[PDB]
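# Breakdown of the fold
One-letter residues, chain by chain:
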Amino acid sequence: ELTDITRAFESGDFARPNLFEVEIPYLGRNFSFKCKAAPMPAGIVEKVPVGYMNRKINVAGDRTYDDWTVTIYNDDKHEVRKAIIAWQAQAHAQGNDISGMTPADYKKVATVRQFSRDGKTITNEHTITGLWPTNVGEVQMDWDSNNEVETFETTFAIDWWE
Amino acid sequence: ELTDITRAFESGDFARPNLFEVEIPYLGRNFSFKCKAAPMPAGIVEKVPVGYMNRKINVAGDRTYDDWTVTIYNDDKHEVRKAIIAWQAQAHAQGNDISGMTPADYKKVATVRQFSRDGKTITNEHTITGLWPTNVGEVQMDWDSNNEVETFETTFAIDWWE
Amino acid sequence: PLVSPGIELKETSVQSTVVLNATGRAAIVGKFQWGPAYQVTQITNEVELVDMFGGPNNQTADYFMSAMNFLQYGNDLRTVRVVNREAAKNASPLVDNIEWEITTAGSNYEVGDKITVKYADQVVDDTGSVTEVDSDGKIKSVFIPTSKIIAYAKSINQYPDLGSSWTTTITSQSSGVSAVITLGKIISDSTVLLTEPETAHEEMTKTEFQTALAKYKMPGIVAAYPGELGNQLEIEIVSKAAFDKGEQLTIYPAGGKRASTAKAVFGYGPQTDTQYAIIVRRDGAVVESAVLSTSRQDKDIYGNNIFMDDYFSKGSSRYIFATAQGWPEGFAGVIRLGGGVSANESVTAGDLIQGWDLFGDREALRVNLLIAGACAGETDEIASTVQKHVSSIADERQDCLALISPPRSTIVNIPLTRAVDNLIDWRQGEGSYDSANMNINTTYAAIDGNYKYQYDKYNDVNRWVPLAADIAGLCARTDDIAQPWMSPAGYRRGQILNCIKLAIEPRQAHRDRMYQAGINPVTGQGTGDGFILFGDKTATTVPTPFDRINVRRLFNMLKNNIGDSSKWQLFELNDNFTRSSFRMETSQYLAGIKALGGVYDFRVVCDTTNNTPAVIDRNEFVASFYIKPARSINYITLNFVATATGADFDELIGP
Amino acid sequence: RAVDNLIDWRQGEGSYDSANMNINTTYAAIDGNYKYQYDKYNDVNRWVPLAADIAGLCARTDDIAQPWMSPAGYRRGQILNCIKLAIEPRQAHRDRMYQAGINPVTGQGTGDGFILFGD
Amino acid sequence: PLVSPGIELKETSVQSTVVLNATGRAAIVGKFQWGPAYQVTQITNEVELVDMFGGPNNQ
Amino acid sequence: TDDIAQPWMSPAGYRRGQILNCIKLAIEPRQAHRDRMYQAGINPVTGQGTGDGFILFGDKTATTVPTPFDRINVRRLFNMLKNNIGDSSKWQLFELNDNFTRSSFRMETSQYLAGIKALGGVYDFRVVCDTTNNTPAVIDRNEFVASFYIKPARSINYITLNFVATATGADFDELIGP
Amino acid sequence: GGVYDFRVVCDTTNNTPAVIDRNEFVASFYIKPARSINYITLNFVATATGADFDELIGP
Amino acid sequence: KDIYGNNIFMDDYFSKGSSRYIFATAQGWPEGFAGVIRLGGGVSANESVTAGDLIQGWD
């Protein structure tokens, strides 16, 4: 009966936690090749307890969403990091200005995809609506930190995903 | 016997304290999307004590109503706050005039609704007769009050609700 | 309405009506005055009914009043109309023309030459014309303004068919040989029955009808449905040639000349040579306007199709149907339709039987209540033979509840002491009712036991109505107040709403006699203007657990839910997972009913103890539900004991 | 009459004795209804022979569940785009068709669904 | 049951019975109303008994 | 109008469309004349119902042939769209017509129209842009294609009020039935 | 789960030399395909108050 | 219809219960008629009343 595990992969394989890409139209093609890691989003619907006598039964509460945090490789001329900060600069101006554009301007659409083990084929695809970068991570530069490529985290807020 | 609590929701669910809207025809559609909170009205009928020997028995007194207080989000061009004050200005002129229109002019009708958990369906609807804004709240603006949207309370008088 | 934007203020009398909008679905068949025939339709409020099927009148009110009553409690009334195929006819352009026949062709006449009309050598009219000639100047077509001829034939008592003396002298400023035309009948009878737009083309285009249309040079337009309302309709067709020139239109067949309003009703004309603008109006008021094309393909501004045979057949119209198949070139005449007739008084058992069978499918339509009921307006043998058959639809489907009523003859204005006896005798099939009998024994039918007197707000009259619709109303609207195992009877529920009076009130000694015959008594409330349904029994005479209506409707509610959940196990394997799945889901369902209080207890039995391999090998799956339904109070006994002073309760009762 | 014509056509009797069916092979599946459908190019409703949708089910099953799974049912076998079918076979007729090897296609138990209801 | 596939809903009175299924083996001889005679047989639940040897009666 | 309510709102009416500074107009069109002008596509401008107000009292562009772009509000709506999407699309000139360019242009313009849908300019919209029209026979001539299907908002234009002068007695519980 | 069980038969028990000498090769597959549910029978039994399930059914 | 939209057909106006002096019908009405009528020969016969009447009344 051990062959029964094949029912767990009628589709042809297990999904693989590394065969993925992220597309963000605002940032051009090259961002999709520079994004190292990204959690495919959680879906949270917190329970409400309703008490009766001395027992409690649960009912569905109201949906909420956590932030979405990616990790990026940075190139030698910072073509991503300068773009992410220049995007955030529309939400609230970095530097000596005290300004920021309307929500319709700084919100953007983004898409996460996971490929089949044939690299041609997309098997799951979620759009994420209304990204903007709430926090662009520090780069912890250090003369003892030799033999790594530069990476940083970025934490987008989201409105919903589908 | 714990399943008995299902008798508490034959209608399909508990009512939810957030699935509501307020309509005030005088202020157009957009007010209904800007009204954050509103207590579905109280109904008060104060008791009268009638004494006999050394005991007292109660009888129904005469109905009264408290004020109705809502809370509003304000937009960047004050399309609500200027309208509420310009409504109150008919009850007694704001500024240097000493004038105010007849009660038939400044009184208005309003409606509170609560939806089912299917967002299409209205399950309870109360009209409120003869609103007018007795008090438009302060906005407590402050340079330390960062990371909130602007809200204010408004306290309408009412004649009755049905 | 206006052409410019603006406010229009008006005064009239008109029957705008509000709606109560509680949930509930039922089905009905009847002889309405207008709208589709032998086609199932959905009505959801008062005004949809009035617009789609027309207002009540003397011959049709029983069906309309029945429909309108249920539609005040529920919100879906799946409805079918029937008509007698040999008798009903659609209103048509040919009616009240005179059958002219060519008797001598003449020579050298021309278009606009005068037609005289004479009877007893008195001139009746001479304003008719030669309307087409060949190059020889022989007559090929004529037009006669028949309204003037009719004024004579209606006062001479001759209208349906004309005498010998009617003569046609064609007189003009040039002739080669004197032409002669003969007049036959005024065609008061009408040529076509057209029921269902999907089917329409062939019935509108047989050569016999098309020959008459071509002869009078008329467009192929008819009233969309068989009925009387069609005789009100007037159509103002126009084309580029007439529209741009702003010409005076000609009225057919009556005669007359009129200014067009087409350039006011639309924003623009029909745009090209092959397009005709239609306006249709009734009682003066416009009801529909269109721009249509006789080109085998053509497109309006959006890219939707506007070829003649499509626009109508796709189901857009509910006043007129038309076809391109014989359309006259360039035509711009006003048409008045005539000779439409419903023939409702001719309706026979074969019609209502054929109508009710459209609800026969157990799969296609989840309808809880078959109203029947309105059929109890008819003669005794129609009311019997139709209602027995309708109960058989409940016996074939085994999923619903059918109502039943005694016919009008049984109760209305018969003395009480006789009326109840007639009603039992009709129920069990004796006396003069032995041919028009009831003998139905099924648990899927509920016999109603009274007739009601009600105000018709459309005609403004009081009329008698078979009560079944209101009982269906109770059995439906209960579902939005308390769950389906709750009885429709009582005083906290079961109020009959709108009434003046019932045909009889059964006193206790009679009320017992009816109830043991399985007729449900409906009575006045204990005082005032209330009326209540006062009992439950399905029509069974043999004892059975499914005796009371509430038990029947409970097992319907279960069968119609578990009989859906089980569908998801068709074409599965009968393995251990399929069994556990079906046991857990249906137990979860029945636990809900147990908590709400429909059943005291239940068991679900489904495992190897009945799905033995001898079942598996024939592609079968089995499960058994053991269910004990709720009791109810029916009989309340109150004892008052008038004890003495002294003799105290601490001695007699001892608290 | 329609169901009787359809059996008589299936087994080659009545007016169908020249235009008959007599096929007995296990490589053929006889479809049992006709559908009414919207043509979005001409913008008309028209009647269409149902076979294409049944081929559709027998194909697209292969991307939902493996080829030994039946195309019939309610969790599968939804006919997609329809207004109505030419007949609905009531139970007494549905039995008579199915013993002639015609597959009945019917309305779903309610609403706008239609399903292939046999193999 | 039907000839066509489908759901058949029915009402009756019938004695479907559940089983406790703990292990144990024993032997018995008797005068049952139906089933094989002078032949050893294996019964393993209530319903196998009722189907193979028939229901009880007075004798 | 653009600083009071969004461009698909008509300039006509009484809550908007006040002409500000005037003494009088050269004519006032009575109803029988007002109809005759409006079917010629001339917009009537009139006195307000009383006092010193004057209002623009109708919408029609100068078309005589029927067309969807008849009313001024529909015209100004499609101008607002064409003049925004006809700017967003500029950023795809001299790109490749690859899968990313298509998804970029579909997502951005959908995000834009979703704003218009929420504010209520259009009841619904579809954006069609993929292999179903950007077939290789388009690619090989340096072309890119997209189709927007848009159903614009209706409006009230004609208001009909009925006053019915019923008798004493003859009560509303019988005639209307609340 | 397409087949409950199968056998593949292919050896000297059928590829006898009398097959070899005519340039032929043989194999036999014995396959028992899956059943299916086609007919569902649901029984609803409308038993009395009292008359309890611990007596009639015996859990 | 009268001015308000209420019905004024002969057989309705009387049968709905409006009148308490005269009843009429259209069923044989003379054309164009404009005569003054005086009604006659009405009689109550109260002195003839018998047990059967009051018994039928009280019921």
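Residues numbered from 1 in each chain as written, not as in the entry; some residues may be left out. Chains lettered and ligands numbered in written order. Part of a larger assembly, values for the part shown. Heavy atoms only, no water.

cryo-EM is the method the PDB entry states for this structure, with the resolution given as 3.8 Å.

The name the PDB entry gives chain H is Tail sheath protein, with Klebsiella phage KP1 as the organism.

Labelled according to the PDB entry, chain A appears under the name Tail tube protein, originating from Klebsiella phage KP1.

### Topic: the arrangement of the chains
Keep this limit in mind: Every residue pair with non-hydrogen atoms within 4.5 Å of one another is taken to be in contact.
Counting contacts across all 14 pairs of chains that touch, the top pair turns out to be chains C and G. At the level of C-alpha atoms, the two units chain E and chain H stay apart, their nearest approach being 48 Å. In this structure chain G stays clear of chain H, and the shortest span between their C-alpha atoms is 43 Å.

### Notes on the interface of chain H and chain C
Frequently, the measure chosen for interface size is the accessible area that the parts lose on association. We count it as follows: What counts as buried area is the accessible surface, traced by a 1.4 Å probe, that two parts surrender upon association, with contributions from both included. Throughout this description, the term salt bridge denotes a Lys or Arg side-chain nitrogen within 4 Å of a carboxyl oxygen of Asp or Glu. Residues adjacent in sequence count toward polar contacts only when both atoms are side-chain atoms; beyond that, a polar contact is any pair of N or O atoms within 3.5 Å, and within protein one must be able to donate a hydrogen and the other to accept it. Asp, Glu, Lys and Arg are counted as charged, while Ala, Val, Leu, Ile, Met, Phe, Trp, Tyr, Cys and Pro are counted as nonpolar; the rest, among them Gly, fall into the polar class.
Facing the nine residues of chain H at the interface are eight residues of chain C. Of the roughly 600 Å² buried between chain H and chain C, counting both surfaces, carbon and sulfur atoms make up 26%. Looking at the side of chain H facing chain C, the largest losses of area belong to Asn7, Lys16 and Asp59 of chain H, adding up to 53% of the total buried there. Inspection of the chain H/chain C interface yields two salt bridges. Where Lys16 of chain H meets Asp460 of chain C, a salt bridge forms, and the shortest distance between an N and an O atom there is 3.0 Å. For the pair chain H and chain C, the interface holds five residue pairs in polar contact. Split into classes, the residues belonging to the side of chain H that touches chain C amount to one nonpolar, four polar and four charged.

### Re unusual backbone geometry
Residues and elements named next belong to chain C. Rules: Each helix corresponds to a stretch of at least 4 residues labelled H or I by DSSP, and each strand to a stretch of at least 2 residues labelled E; elements are numbered beginning at the N terminus. Burial status follows relative accessibility: with a 1.4 Å probe on protein chains alone, a residue under 20% of its type maximum counts as buried, one over 50% as exposed, and anything between as partly exposed.
Of note, the amide linkage connecting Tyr252 to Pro253 takes the cis form, showing an omega dihedral of -5°. In the Ramachandran plot, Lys217 falls in the positive-phi region, its phi being about 60° despite a non-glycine side chain. Here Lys217 lies in the loop between α5 (207-216) and β11 (221-223). For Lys217, a relative accessible area of 37% gives the class partly exposed. A positive phi angle is found at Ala372, which is not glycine, with a value near 45°. Mapped onto the secondary structure, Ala372 falls in the loop between β20 (369-370) and α10 (380-397).

### Some thoughts on the nonpolar core
All names here are of chain C. Here is the rule we go by: What is meant by a nonpolar core is a set of buried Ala, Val, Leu, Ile, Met, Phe, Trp, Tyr and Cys residues, joined one to another through side-chain atoms within 4.5 Å.
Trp166 and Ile320 are the most contacted members of the largest nonpolar core, which totals 63 residues. Broken down by element, this core gets its largest block of residues, four residues, from helix α3 (residues 146-155). Not counting the four nearest positions on each side in its chain, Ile320 is found in contact with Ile221, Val222, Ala224, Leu233, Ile235, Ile278, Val280 and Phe312. Within the second largest apolar cluster, 34 residues are counted, among which are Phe53, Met65, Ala446 and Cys499.

### Some details on the pairing of strand β1 (residues 34-39) of chain D
Residue and element names in this part refer to chain D. Under the convention used in this document: By the convention used here, strands pair only if DSSP detects at least 2 bridges between them.
Note: β1 against strand β2 (residues 44-49), six bridges, orientation antiparallel. From the neighbouring strand, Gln37 faces β2, where its bridge partner is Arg46. Connecting the antiparallel pair β1 and β2 is a turn made up of four residues, with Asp43 showing a positive phi of about 60°. Bridge analysis of β1 against strand β3 (residues 84-85) gives two bridges, and the strand direction is antiparallel.

### So, the interface of chain C and chain G
Opposite the 33 residues of chain C that make contact, chain G presents 21 residues. Summing the contributions of chain C and of chain G, the shared interface buries around 2600 Å²; its carbon and sulfur component is 63%. When the buried area of chain C at its contact with chain G is split by residue, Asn619, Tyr626 and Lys628 of chain C rank highest and sum to 24% of it. The tally of links from chain C across to chain G stands at one salt bridge. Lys628 of chain C serves as the salt-bridge partner of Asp52 of chain G, at 3.2 Å between the closest nitrogen and oxygen. Looking at the side of chain C that touches chain G, the elements with two or more residues in it are α14 (549-565), α15 (576-596), β28 (599-605) and β29 (620-629) of chain C. Among the elements that line the side of chain C that touches chain G, the one with the most residues is β29 of chain C, at ten residues. A per-class count over the side of chain C that touches chain G returns 18 nonpolar, six polar and nine charged.

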